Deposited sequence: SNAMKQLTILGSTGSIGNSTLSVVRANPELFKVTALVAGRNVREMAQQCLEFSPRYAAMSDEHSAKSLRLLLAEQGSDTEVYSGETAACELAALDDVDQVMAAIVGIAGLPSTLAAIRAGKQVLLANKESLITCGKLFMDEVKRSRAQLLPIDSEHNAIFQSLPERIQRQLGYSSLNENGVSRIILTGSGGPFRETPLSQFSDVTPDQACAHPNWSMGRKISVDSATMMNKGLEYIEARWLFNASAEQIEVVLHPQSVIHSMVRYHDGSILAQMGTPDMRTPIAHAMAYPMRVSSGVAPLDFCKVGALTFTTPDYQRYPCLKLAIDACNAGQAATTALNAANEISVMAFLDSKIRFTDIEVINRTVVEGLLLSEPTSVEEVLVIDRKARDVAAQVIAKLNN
């Protein structure tokens, strides 16, 4: 049966993943567990799932965890640091690796797994927003099998032909029958709000994560998912479109050459795409009532409008210009968001900041993690500046 390393096990995706394991003890076996500094959640996982190894980001968290398990007499071996996380993402006997360590701290361990030809269930985003090129190159080299976990990408993946699914990110969409990918998204809260009221939007009105809420209103969440999808499904600009779909019943679609469209639907539960990806090409259960069609309201769709969602276009143009542009935009969006979250700026200022930073770009494309981290820090700064200067 199947052997797992779970990178980022103590957090939200980490735990849904373990839940799929808890409900299919016969199919999935936990070999390695990695997390940051949550000893307590890590110990209780290590006792329940009895891995061979575990790692924490630093030595102090390791020492703690090592003691707690030593009191319970578990055999689990405990390590620390980026190298250990990399070596647990690369063990020869592990079949499947969950890359669910958030943010740019996650990239190293994700890459090791990609490098070891593993089935990698990709939860980390930055990977592709900032250095999709390096990652997808590595994927080709290793014939590593990527499986997206985000519901939208997962939707696409299920909607894609097996042919492409098994060669994810280096199959040629056109040759294999695909005309276009349809990334769907709701519009956020301000979808039928009159543009006059955009300038006056506030944090409480946006958020009632905190930051994901803002992104979904500007549709930065969908711009970034668009970039992710270009690298991920090996898709050019003409091969992917975005449609608005307020009810979010349909998680995404795929257009084929004869006209056929294949879409995935479901409720929005975590486990469902996580287990799709874990069992693939099998399938298992997970609790949640199947969708009911008498319950769901009507479904509607629109093309998004760039006057309402300028950030989207921005994301698209940034992709077309390169990894420097996206890296920059991502980082400057993180600054803009938590600036509007502190009321330093208006909601409509987010585009302007995001745009200025990106149109003052004059760097080379990054060819590693390292060069990314540089661009990420400088864009932050420039953005940081831009906030102040109005």
{"query": "Missing C-alpha runs, given along the deposited sequence, first residue counted as 1", "finding": "1 to 3, 212 to 217, 400 to 401"}
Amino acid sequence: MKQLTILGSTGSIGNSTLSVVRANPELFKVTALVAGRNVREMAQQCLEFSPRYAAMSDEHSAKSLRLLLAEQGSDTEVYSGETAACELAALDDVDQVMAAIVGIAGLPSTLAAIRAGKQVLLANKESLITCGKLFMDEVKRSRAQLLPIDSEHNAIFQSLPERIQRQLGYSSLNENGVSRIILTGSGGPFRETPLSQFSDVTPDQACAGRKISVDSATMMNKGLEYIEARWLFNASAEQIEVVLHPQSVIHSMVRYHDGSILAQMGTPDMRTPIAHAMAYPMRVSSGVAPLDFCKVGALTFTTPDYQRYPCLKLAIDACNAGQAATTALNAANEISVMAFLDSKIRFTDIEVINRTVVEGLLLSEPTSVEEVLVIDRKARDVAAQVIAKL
From here on, numbers count along this sequence of modelled residues.
{"query": "Mean C-alpha B-factor comparison - 319 to 327 and 360 to 368, higher one", "finding": "360 to 368"}
{"query": "Of 291 to 299 and 214 to 222, the stretch whose C-alpha atoms average the higher B-factor in the entry", "finding": "291 to 299"}
{"query": "Among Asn234, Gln167, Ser252, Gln158 - the residue whose C-alpha B-factor is largest in the record", "finding": "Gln167"}
{"query": "Chain-wide C-alpha B factor ranking for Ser142, given as lowest, middle or highest third", "finding": "highest"}
{"query": "Position of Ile181 among the chain's modelled residues by C-alpha B-factor, lowest, middle or highest third", "finding": "lowest"}
{"query": "Third of chain Cα B-factors occupied by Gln307", "finding": "highest"}
{"query": "Chain-wide C-alpha B factor ranking for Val382, given as lowest, middle or highest third", "finding": "highest"}
{"query": "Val352 - which third its CA temperature factor falls in, relative to the rest of the chain", "finding": "highest"}
